[PDB]
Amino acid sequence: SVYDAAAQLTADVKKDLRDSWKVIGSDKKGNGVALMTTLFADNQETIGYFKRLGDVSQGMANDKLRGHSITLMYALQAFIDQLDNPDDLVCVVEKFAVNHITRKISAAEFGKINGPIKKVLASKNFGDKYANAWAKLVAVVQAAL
């Protein structure tokens, strides 16, 4: 359950999330778009869920993609900000899951974001330790889908 997955965020895992986010969340537009383009490149099958965004290969020049990418980073920001209180992290995660459930996005489908995150982290000199920490966070959202 989401309450059990949230308890998997141990002390060091939370610390690593904060340390990496400090750098990554420093450029929400840049890292946000990079995150989305990497997803579409490594998992072309997910582009179908984003028909409304139009020509996704345009990248930064696509206003709708840019708007979505920026917005996505604020959701991550919200998660990081709730790490201190498990009860608040959970209600924020379930709130966020509502619309993804409506789009019929499964836990397995959501998990495809781990690849893009690992690559963006690596581009910033953050290794496997950090990618695994983020996977743990993503797993909390997966438990709610």
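The first residue of the shown sequence is 1; numbering continues from there.
Averaging the C-alpha B factors as listed in the entry, name the stretch that ends up higher: 127 to 135 or 5 to 13.
Higher mean C-alpha B-factor: 5 to 13.
Would 15 to 23 or 117 to 125 have the larger average of its C-alpha temperature factors, as given in the entry?
If you average the C-alpha B-factors of 15 to 23 and of 117 to 125, the larger mean comes out for 117 to 125.
From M36, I80, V92, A61, residue of greatest CA B-factor:
So the option with the highest C-alpha B-factor is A61.
For the C-alpha B-factor as written in the entry, point me to the maximum among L65, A41, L76, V98.
Comparing C-alpha B-factors across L65, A41, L76, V98, the top value belongs to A41.
Thinking about Cα B factors across the chain, which third does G32 belong to?
It belongs to the lowest third of the chain when residues are ordered by C-alpha B-factor.
So where's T102 on the chain's Cα temperature factor ranking, which third?
Highest third, going by the recorded CA B-factors of the chain.
Mind checking which third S57 falls in for C-alpha B-factor across the chain?
It belongs to the highest third of the chain when residues are ordered by C-alpha B-factor.
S69, C-alpha B-factor rank within chain (lowest, middle or highest third):
It falls in the bottom third of the chain.
Within this chain, which third does the Cα B-factor at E45 fall in: lowest, middle or highest?
Ranked within chain, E45 CA B lands in the highest tercile.
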